[PDB]
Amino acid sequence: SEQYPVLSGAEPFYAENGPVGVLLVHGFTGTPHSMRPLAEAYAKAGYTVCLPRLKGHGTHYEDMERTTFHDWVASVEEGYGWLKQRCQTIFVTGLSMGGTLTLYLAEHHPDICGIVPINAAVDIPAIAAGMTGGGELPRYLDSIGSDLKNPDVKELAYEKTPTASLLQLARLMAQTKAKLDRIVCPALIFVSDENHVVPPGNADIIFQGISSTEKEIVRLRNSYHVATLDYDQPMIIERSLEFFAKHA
């Protein structure tokens, strides 16, 4: 149970429109802020939209510290269920760990129409390494800002990362990576060529691992990791809309 109140800007976003739905998943220590411009664009295009707030996110990092990856999965599952009550057709898109959760969801549901992971994380060796090796880490790691090309964007995210939450992320990534072959729905995979957080190599692990018969990669050349708020935002939105229309 969250002990801290939800912060302004971190609210989930819902829009009831047509029978085709899009689930949007934000990232680790992040908030719905990172996916909001996408959610709004898709809503305006006539899609039913669900952008949930991950448990322990958008409140306080102490809440986050208390969560496990199961809680984050449950938050996304709640959004899937909300769409299930309203939509004949469901797409899922997500940034970073949101992309990881997008893959995870496609691995455990048979009726997802398509996925759009954006810089999804499935293998970050430094993380598991540090959780089981190296020296003892502080309880909280200091955030020093978001990986963005555009300097004038401020992402709404925690100023500290609970180290305990890193193990949860590592477990989520490991279990998602192991089950990639269960994914059969069409996939549009975005990857930033320059990325200082997730190795772009992850996109290939995903591309090769999934069983999808229709899969594509779009390499973004004008964005860093937080691409949804970076210069390539218009392309991400446009290509995603084309993807939704192609498969619905």
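Counting begins at 1, following the sequence as shown.
Just going by the entry, 66-74 versus 41-49 on mean CA temperature factor gives the higher value to 41-49. The question of which stretch, 53-61 or 191-199, has the higher mean Cα B factor is settled in favour of 191-199.
Across the options 112, 141, 178, 95, the residue with the most elevated CA B-factor in the record is 178. Across 213, 34, 223, 29, the greatest Cα temperature factor reported in the deposited entry is at 213. Among the modelled residues of its chain, residue 162 has a C-alpha B-factor that falls in the lowest third according to the deposited record. Among all modelled residues in its chain, residue 10 ranks in the middle third by Cα B-factor.
For residue 117, the recorded CA temperature factor ranks within the lowest third of the chain's modelled residues. Compared with the other modelled residues of the chain, the Cα B-factor recorded for residue 153 ranks in the highest third. Residue 233 sits in the middle third of its chain by CA B factor, as recorded in the PDB entry.
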